[PDB]
Structures are given as structure tokens and as C-alpha cells.
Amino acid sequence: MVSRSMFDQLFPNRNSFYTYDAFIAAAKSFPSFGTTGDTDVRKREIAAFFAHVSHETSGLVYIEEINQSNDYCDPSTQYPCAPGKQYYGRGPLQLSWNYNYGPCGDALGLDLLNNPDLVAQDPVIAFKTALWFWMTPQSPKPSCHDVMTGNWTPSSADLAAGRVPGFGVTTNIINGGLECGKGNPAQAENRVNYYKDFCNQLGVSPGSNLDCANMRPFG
């Protein structure tokens, strides 16, 4: 794991909300994060997670999505929207939509469906929501964790679609419908730029298959 001082090197401008101790506590909740594979692989995973976080929150400066005009409610019997609440982006990976706050809360033992603001109020919970997304396979997508740590077996369909192991597939999992394939490559390039910078700081290679312009979104 990166030291306290390295966390400050990687996130020099972050809001004080996002403490190293809160990150470490959240990570203890997901003990395979950053501890799977050889030490270079562990650093690539950490760098990849932090690169997406840095993209989504401008270096852990932001906690909440700026535009709060939209409730991000897709009516659901399984994950019903709470009256008066909104599911706009919160936390390091900008958890969004009732149908993600629901399962995320269930995984963390929290009622995030009815108290979605909690993700922007408790930093351990904030980091746990991001690690939940990173660590959890959600069919048909593997977890970003498994992709980066050599534990994902792409299907034959994945290979034919260009979904090969590396950072690019993580962008695809996170937002490939808009950022990969024929999409405008600007946002994916920003993610890769953070990733390459963080890998350089940690002394490892970014590895192969970084871009996602040559892959289709998952089904």
C-alpha cells in the first residue's frame, strides 16, 4: 500500500474530508484491494483506482456532483427512490442513481437508498462506495479489481470485441458506453494520463492495453 506521504504526493490538493486514515479503513474492508498479485501488480491496481478517482473528483477536490438539478431516480420496485432525495454523483467514483446506491448500501450494510447524502458526509463510507464499485463484479462485467490483478478471464466474446486485460477495460467498465469505441476519446485519455502519471510516481509500468477506442462496451 502507498504510505501516508505518498497519498499526499498523489492527491496534493484534495479536500481535507478525504483523509488517508479513512481510505485505509475503507481498504481494510476490502482486504484484497492492493494485496493481490506481485508488488508491481498491486501498485498498478492502486494507481488505476486512484486515476479514475482523480478523474471523477478532480484530484479528490470534489465530493458532490456540481449539477444537482437532476434526481438520478429511475423508478424501481427493487430499489425505490426515497421521496425528497437525490442520487447524483457522490464520493471518489461519483456513485450515481438509485439502482446503484441501493446495491452499494446493501453491500456496505448501510441504507444509502434512503440516506444517499451519507456518501458525501462520512469519508470512510465515501471511500467504501468507490471500493465497492471497483471490487464487485456486476454481470456481465468483471470487477475492475480482477481486470487489473490478472484474475479476469476474458470470454471469447470479450477478446473479439477488443476487451483485453488492462487499464482500458476498466474505463470501459466505468463508462464505456460514452468513453470507449467510437466515443470522443477525451475523457478516457484524461483517465490514462492520470494513470500513467501515478504509475511513474509508484515506479511501475502502466502495462498494456491502456486505451479503449479499440474495444466495444460490455453487454
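All residue numbers are counted from 1 along the displayed sequence.
Legend: mean Cα B-factor per stretch from the PDB entry, 87 to 95 versus 67 to 75; the higher mean is in 67 to 75. Per-stretch averaging of Cα B factors for 142 to 150 and 76 to 84 places 76 to 84 on top. The maximum CA B-factor among the listed residues 107, 135, 113, 126, taken from the PDB record, is found at 113. In the deposited entry, the Cα temperature factor of residue 9 places it in the highest third of its chain's modelled residues. Among all modelled residues in its chain, residue 58 ranks in the middle third by Cα B-factor. Among the modelled residues of the chain, residue 168 sits in the lowest third by CA temperature factor in this PDB entry. Split the chain's modelled residues into thirds by C-alpha temperature factor. Residue 25 is in the highest one. In this PDB entry, residue 198 carries a Cα temperature factor that places it within the lowest third of its chain's modelled residues.
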